[PDB]
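Single chain ahead, written as structure tokens, the form deposited in one PDB entry.
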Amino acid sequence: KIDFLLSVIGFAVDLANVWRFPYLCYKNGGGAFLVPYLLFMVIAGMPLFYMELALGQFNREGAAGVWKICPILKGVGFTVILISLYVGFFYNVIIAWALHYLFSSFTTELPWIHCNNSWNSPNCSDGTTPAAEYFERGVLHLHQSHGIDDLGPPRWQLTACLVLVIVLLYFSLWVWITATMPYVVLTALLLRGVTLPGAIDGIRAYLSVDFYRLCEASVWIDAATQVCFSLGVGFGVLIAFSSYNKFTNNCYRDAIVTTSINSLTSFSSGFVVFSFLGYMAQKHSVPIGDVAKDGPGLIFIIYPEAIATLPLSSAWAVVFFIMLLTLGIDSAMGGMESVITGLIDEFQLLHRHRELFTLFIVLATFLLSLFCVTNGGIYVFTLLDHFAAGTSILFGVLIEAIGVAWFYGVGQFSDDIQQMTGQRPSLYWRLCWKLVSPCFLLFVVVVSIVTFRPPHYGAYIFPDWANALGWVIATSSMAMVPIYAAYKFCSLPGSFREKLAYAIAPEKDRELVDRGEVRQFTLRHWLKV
């Protein structure tokens, strides 16, 4: 019972709930994003979470080793690894910024409190708030770069924190208070945020839906990607975590409670951020949509001010940034370990050379995250955030679902769940796995690909070659399935019929496929809801 609660809190609070969710909610209005989030969750997020947990807990193999039930669809095990690598590339600069802020927070007089220092412009209206000018001119030094075509050399101040983060990661890869401290910090912030004057107009703008923006596509794509980010599906960390789970563990109870608590925490985080946004908009005499830029650094401009308005701000800042640092370290470590374990288990060459491989991969991710700590590192961060997950994560999840359901059998999957746990899935889960979820994922993928929506940062407009590069990096991960499928199809001996038979039949039918027995060579298998 106690062990169950601690595991539940593990998937409840994460870096995607605290950092990404308020940013995405501010981008799309506040309620016009709340509605699609719940709609997509209760239909396509929980069924896939329960699905992935059950598949991992039954196969007891690695991220790419669970595809012995459909050999042809095995490149989706490398697509998720590439997606995890791309995400972990920019998951490090968040920790670097948190470390920089924590090191700069050890002073009785915080620097993000007035515009009188060297890095200030005569446009401050303590115009631009002091916190935003501090973040954009004394931490990033973004005003010295024209754009993504002129990045300059990396800053040594942020490199001296990236090195520490990398070393800590490697030496942790080569806790009761950890999981519960964010709850206390968030509650203590929420009390002050609600009690603050002028926050009711920041809560009303949060609990209100505009039908005009519901007829767009960007909101739906953002909600679809955010569900995957928050729940954790599509990265392969769920299968890796469930590989060493108890074989008799109940799954529906583990899938309902985690989703419920994750939704509650996301709602609370958005509530706090929008209440403080309303208070700041009231104080600075600006509209709510004007007081900040909808960029990836919203919580580094909003939360320092909230800490400042709070009595004895130094201790509160230290505690908040320690909490954020631990959250980010755990989030990066999870994906890093997932990639390491998957690549180690897939290939037999790297059996004993584990330390060398881990050191080289850590060195590679450091050398490739070095790009985001230059002058114009926010532009590269925005490109990576827009294109790393994008449509590729939805494509991978959709392919995985189509594979395990249609190619294998929802009846066979339910039979395996019956053998594993006590009960059998009802009709709702079977229908969601069979038709409802893919019919939404395919639509989301098509809509995301068709629409233009070029990336931007405030008034800046990205050029054409940046979009071409982003599409290249997205397709690089997306196109690992067809190449492996072609290689496996050409590798199998026999004729075309035999090649397809051994490519699509489960590997547990080894002694039966030879004896003229192919279950997939019919129509009754496919017409089984």
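Numbering starts at 1 and follows the sequence shown. Basically, rigid core = biggest C-alpha set you can superpose within 1.5 Å across the two forms.
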Revision key, fill the gap. Note: with structures superposed on the core, the stretch whose C-alphas sit farther off in 4 other deposited structures of this protein, 453 to 461 or 209 to 217, is 209 to 217
Practice item. Figure out for me whether 73 to 81 or 185 to 193 is the more displaced stretch in 4 other deposited structures of this protein, taking RMS C-alpha distance from the shown form once the rigid core is superposed. Key: 185 to 193
Point to revise | Unresolved deposited residues lying between neighbours residue 174 and residue 175 | key: 4 to 9
**Study point:** Chain break class at residue 126/residue 127 - deposited residues not modelled
**Key:** 10 or more
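The protein also exists as the form deposited with a small molecule bound; that form is not presented, and the subsequent description refers to it.
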Review point. With a 4.5 Å heavy atom cut-off, would you call residue 112 a contact of the small molecule in the bound PDB entry?
Key: no
Exercise for review: Using the partner position in the bound PDB entry, report whether residue 421 sits within 4.5 Å of the small molecule, counting heavy atoms only.
Suggested key: no
Point to revise | the small molecule contact at residue 331 in the bound PDB entry, heavy atom, 4.5 Å | key: yes
Review point. Wondering, does residue 335 line up within 4.5 Å of the small molecule in the bound PDB entry on heavy atoms?
Key: yes
Practice item. Could you tell me if all three of 14, 88 and 229 have a heavy atom no more than 4.5 Å from the small molecule in the bound PDB entry? Key: yes
Review point. Counting only heavy atoms and a 4.5 Å cutoff, which of 279 to 287, 412 to 420, 453 to 461, 79 to 87 contacts the small molecule in the bound PDB entry?
Key: 79 to 87
